[PDB]
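Reproduced below: my_file_17.cif, with mmCIF, C-alpha atoms.
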```cif
data_query
loop_
_atom_site.group_PDB
_atom_site.id
_atom_site.type_symbol
_atom_site.label_atom_id
_atom_site.label_comp_id
_atom_site.auth_asym_id
_atom_site.auth_seq_id
_atom_site.Cartn_x
_atom_site.Cartn_y
_atom_site.Cartn_z
ATOM 1 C CA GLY A 1 70.790 -56.443 58.450
ATOM 2 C CA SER A 2 70.558 -54.902 61.931
ATOM 3 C CA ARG A 3 72.032 -51.378 62.010
ATOM 4 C CA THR A 4 72.228 -48.989 59.042
ATOM 5 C CA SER A 5 71.762 -45.397 57.811
ATOM 6 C CA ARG A 6 68.123 -44.247 57.683
ATOM 7 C CA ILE A 7 67.064 -40.863 56.200
ATOM 8 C CA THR A 8 65.624 -37.341 56.595
ATOM 9 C CA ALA A 9 62.353 -36.315 54.923
ATOM 10 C CA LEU A 10 62.178 -33.071 53.019
ATOM 11 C CA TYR A 11 58.700 -32.698 51.517
ATOM 12 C CA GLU A 12 57.728 -29.506 49.664
ATOM 13 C CA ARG A 13 54.823 -28.079 47.620
ATOM 14 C CA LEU A 14 54.698 -24.831 45.582
ATOM 15 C CA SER A 15 51.467 -23.277 44.238
ATOM 16 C CA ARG A 16 51.084 -21.486 40.882
ATOM 17 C CA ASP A 17 48.016 -19.559 42.149
ATOM 18 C CA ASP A 18 49.934 -17.660 44.858
ATOM 19 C CA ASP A 19 50.841 -13.972 44.598
ATOM 20 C CA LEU A 20 54.377 -14.654 45.925
ATOM 21 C CA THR A 21 56.325 -14.279 42.659
ATOM 22 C CA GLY A 22 60.032 -14.838 43.299
ATOM 23 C CA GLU A 23 61.476 -17.924 45.021
ATOM 24 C CA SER A 24 58.582 -20.288 45.827
ATOM 25 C CA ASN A 25 57.114 -19.810 42.313
ATOM 26 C CA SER A 26 58.765 -22.969 40.904
ATOM 27 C CA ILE A 27 59.836 -26.132 42.784
ATOM 28 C CA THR A 28 63.585 -26.527 43.392
ATOM 29 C CA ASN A 29 63.530 -23.065 45.031
ATOM 30 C CA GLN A 30 61.378 -24.033 48.045
ATOM 31 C CA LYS A 31 63.226 -27.383 47.994
ATOM 32 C CA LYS A 32 66.539 -25.571 48.526
ATOM 33 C CA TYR A 33 64.773 -23.599 51.288
ATOM 34 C CA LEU A 34 64.174 -26.652 53.466
ATOM 35 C CA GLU A 35 67.723 -27.625 52.521
ATOM 36 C CA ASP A 36 69.081 -24.394 54.013
ATOM 37 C CA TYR A 37 67.215 -25.477 57.151
ATOM 38 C CA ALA A 38 68.191 -29.150 57.385
ATOM 39 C CA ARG A 39 71.821 -28.030 56.934
ATOM 40 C CA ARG A 40 71.573 -25.150 59.413
ATOM 41 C CA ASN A 41 69.993 -27.774 61.710
ATOM 42 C CA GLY A 42 72.273 -30.749 60.998
ATOM 43 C CA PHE A 43 70.142 -33.428 59.301
ATOM 44 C CA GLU A 44 71.505 -36.276 57.159
ATOM 45 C CA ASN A 45 70.236 -38.182 54.158
ATOM 46 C CA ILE A 46 67.986 -35.195 53.435
ATOM 47 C CA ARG A 47 65.669 -36.673 50.874
ATOM 48 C CA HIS A 48 63.715 -34.307 48.669
ATOM 49 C CA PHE A 49 60.083 -35.167 47.964
ATOM 50 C CA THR A 50 58.977 -33.032 45.033
ATOM 51 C CA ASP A 51 55.498 -31.741 44.272
ATOM 52 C CA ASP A 52 53.589 -31.514 41.008
ATOM 53 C CA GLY A 53 49.839 -30.981 40.683
ATOM 54 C CA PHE A 54 48.945 -31.996 44.242
ATOM 55 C CA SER A 55 45.379 -32.646 45.365
ATOM 56 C CA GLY A 56 43.698 -30.651 48.131
ATOM 57 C CA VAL A 57 42.079 -33.371 50.250
ATOM 58 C CA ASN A 58 44.836 -34.397 52.752
ATOM 59 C CA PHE A 59 47.701 -36.895 52.212
ATOM 60 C CA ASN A 60 48.624 -39.711 49.775
ATOM 61 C CA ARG A 61 50.592 -37.956 47.022
ATOM 62 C CA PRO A 62 53.288 -39.050 44.478
ATOM 63 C CA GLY A 63 56.351 -37.416 46.061
ATOM 64 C CA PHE A 64 54.528 -37.734 49.372
ATOM 65 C CA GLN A 65 54.108 -41.485 48.823
ATOM 66 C CA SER A 66 57.891 -41.648 48.593
ATOM 67 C CA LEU A 67 58.101 -39.591 51.793
ATOM 68 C CA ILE A 68 55.653 -41.951 53.533
ATOM 69 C CA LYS A 69 57.390 -44.911 51.834
ATOM 70 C CA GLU A 70 60.478 -43.984 53.850
ATOM 71 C CA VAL A 71 58.352 -43.627 56.986
ATOM 72 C CA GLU A 72 56.790 -47.101 56.606
ATOM 73 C CA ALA A 73 60.159 -48.719 55.877
ATOM 74 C CA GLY A 74 61.406 -46.947 59.008
ATOM 75 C CA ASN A 75 63.931 -44.549 57.469
ATOM 76 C CA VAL A 76 62.572 -40.992 57.708
ATOM 77 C CA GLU A 77 64.012 -40.068 61.123
ATOM 78 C CA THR A 78 62.965 -36.438 60.531
ATOM 79 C CA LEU A 79 60.462 -34.396 58.548
ATOM 80 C CA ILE A 80 61.214 -30.975 57.124
ATOM 81 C CA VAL A 81 58.266 -29.058 55.654
ATOM 82 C CA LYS A 82 57.608 -25.394 54.827
ATOM 83 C CA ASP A 83 54.554 -25.641 57.118
ATOM 84 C CA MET A 84 51.867 -28.001 58.467
ATOM 85 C CA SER A 85 49.622 -26.777 55.605
ATOM 86 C CA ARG A 86 51.326 -29.244 53.227
ATOM 87 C CA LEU A 87 49.817 -32.247 55.047
ATOM 88 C CA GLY A 88 46.767 -30.254 56.170
ATOM 89 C CA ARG A 89 45.524 -28.115 59.049
ATOM 90 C CA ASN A 90 43.685 -31.202 60.399
ATOM 91 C CA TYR A 91 46.057 -31.690 63.350
ATOM 92 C CA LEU A 92 44.064 -34.866 64.163
ATOM 93 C CA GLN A 93 45.325 -36.869 61.175
ATOM 94 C CA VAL A 94 48.552 -34.873 60.736
ATOM 95 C CA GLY A 95 49.292 -35.562 64.395
ATOM 96 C CA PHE A 96 48.503 -39.267 64.027
ATOM 97 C CA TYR A 97 51.330 -39.308 61.489
ATOM 98 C CA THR A 98 53.806 -37.565 63.802
ATOM 99 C CA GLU A 99 52.538 -39.262 67.032
ATOM 100 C CA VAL A 100 51.740 -42.893 66.083
ATOM 101 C CA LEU A 101 52.959 -43.315 62.480
ATOM 102 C CA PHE A 102 56.405 -41.635 62.588
ATOM 103 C CA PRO A 103 57.427 -43.032 66.083
ATOM 104 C CA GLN A 104 58.796 -46.156 64.312
ATOM 105 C CA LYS A 105 61.903 -44.133 63.399
ATOM 106 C CA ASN A 106 61.710 -41.323 66.025
ATOM 107 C CA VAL A 107 60.698 -38.305 63.949
ATOM 108 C CA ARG A 108 61.293 -34.604 64.316
ATOM 109 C CA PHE A 109 58.668 -32.806 62.271
ATOM 110 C CA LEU A 110 59.300 -29.223 61.190
ATOM 111 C CA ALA A 111 56.770 -26.661 60.028
ATOM 112 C CA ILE A 112 58.501 -23.432 59.035
ATOM 113 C CA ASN A 113 55.386 -21.228 58.530
ATOM 114 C CA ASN A 114 53.495 -22.512 61.613
ATOM 115 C CA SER A 115 54.004 -23.973 65.102
ATOM 116 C CA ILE A 116 54.448 -27.702 64.450
ATOM 117 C CA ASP A 117 53.980 -28.781 68.086
ATOM 118 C CA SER A 118 55.696 -26.206 70.326
ATOM 119 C CA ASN A 119 54.213 -23.972 73.058
ATOM 120 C CA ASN A 120 55.333 -20.367 72.608
#
```
Represent the structure from my file as structure tokens, please.
Amino acid sequence: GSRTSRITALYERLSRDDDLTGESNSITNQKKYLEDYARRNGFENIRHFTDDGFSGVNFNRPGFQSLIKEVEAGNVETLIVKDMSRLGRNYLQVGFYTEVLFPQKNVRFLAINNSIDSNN
């Protein structure tokens, strides 16, 4: 109608070619990671956008499409990611998402393994 409960976006991606071997060598593991964050941070409706055989061009993915689907509908009030590498190092397009795209719902993007948009 007018006012309702939107959501939080938790999008993750694990790679089988990494030399990690331990936690991130599956799927639900890194998922739970972001979870530990969103909870330690205080985010609601933490939606988990799973990864499986993701391309290496930029955006537009299965689980990602769900993530973006929430963004377009104006639900994803926050974005929790292991790092900006998921969406790409191309801060031009990635930024567009967080600066012009996400504004619809007032987003707080998080990149654990890289400075999302801070200073220090």
Write out as JSON lines the residues of stretch 8-71 of chain A that have any atom within 10 Å of an atom of stretch 93-107 of chain A, one row each with the nearest atom pair and its distance in Å to one decimal, counting all atoms listed in the file, sorted by chain and then rising number.
```
{"residue": "A:8", "atom": "CA", "partner": "A:107", "partner_atom": "CA", "distance": 8.9}
{"residue": "A:9", "atom": "CA", "partner": "A:107", "partner_atom": "CA", "distance": 9.4}
{"residue": "A:58", "atom": "CA", "partner": "A:93", "partner_atom": "CA", "distance": 8.8}
{"residue": "A:59", "atom": "CA", "partner": "A:94", "partner_atom": "CA", "distance": 8.8}
{"residue": "A:68", "atom": "CA", "partner": "A:102", "partner_atom": "CA", "distance": 9.1}
{"residue": "A:70", "atom": "CA", "partner": "A:105", "partner_atom": "CA", "distance": 9.7}
{"residue": "A:71", "atom": "CA", "partner": "A:102", "partner_atom": "CA", "distance": 6.3}
```
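Coordinates place atom CA of residue A:15 at a distance of 25.1 Å from atom CA of residue A:108.
Taking all atoms listed in the file into account, the polymer residues that have an atom no farther than 7 Å from (56.8, -29.6, 47.8) are residues 11, 12, 13, 14, 27, 31, 49, 50 and 51 of chain A.
Evaluated against this file, the PyMOL selection byres ((chain A and resi 45) around 8) yields residues 6, 7, 8, 43, 44, 46 and 47 of chain A.
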Legend entry - Picked residues, the PyMOL selection byres ((chain A and resi 24) around 12), as an MDAnalysis selection string: chainID A and resid 12:23 25:34 51 82
Legend entry - Atom-to-atom span, atom CA of residue A:113 and atom CA of residue A:81, Å: 8.8 Å
Hey, can I get the axis-aligned box for stretch 55-70 of chain A? All listed atoms, 5 Å padding on each side, centre and edge lengths in Å to one decimal, as lines of an AutoDock Vina configuration file.
```
center_x = 51.3
center_y = -37.8
center_z = 49.2
size_x = 28.4
size_y = 24.3
size_z = 19.4
```
Legend entry - For residue A:39, the nearest of the candidates A:114, A:57, A:120, A:10, counting only C-alpha atoms: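 Looking at the shortest contact to residue A:39, the residue is A:10.
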Legend entry - Separation of atom CA of residue A:73 from atom CA of residue A:117 in Å: 24.2 Å
Legend entry - Option closest in space to residue A:77, from A:109, A:60, A:35, A:89 [counting only C-alpha atoms]: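 Of all the options, A:109 lies closest to residue A:77.
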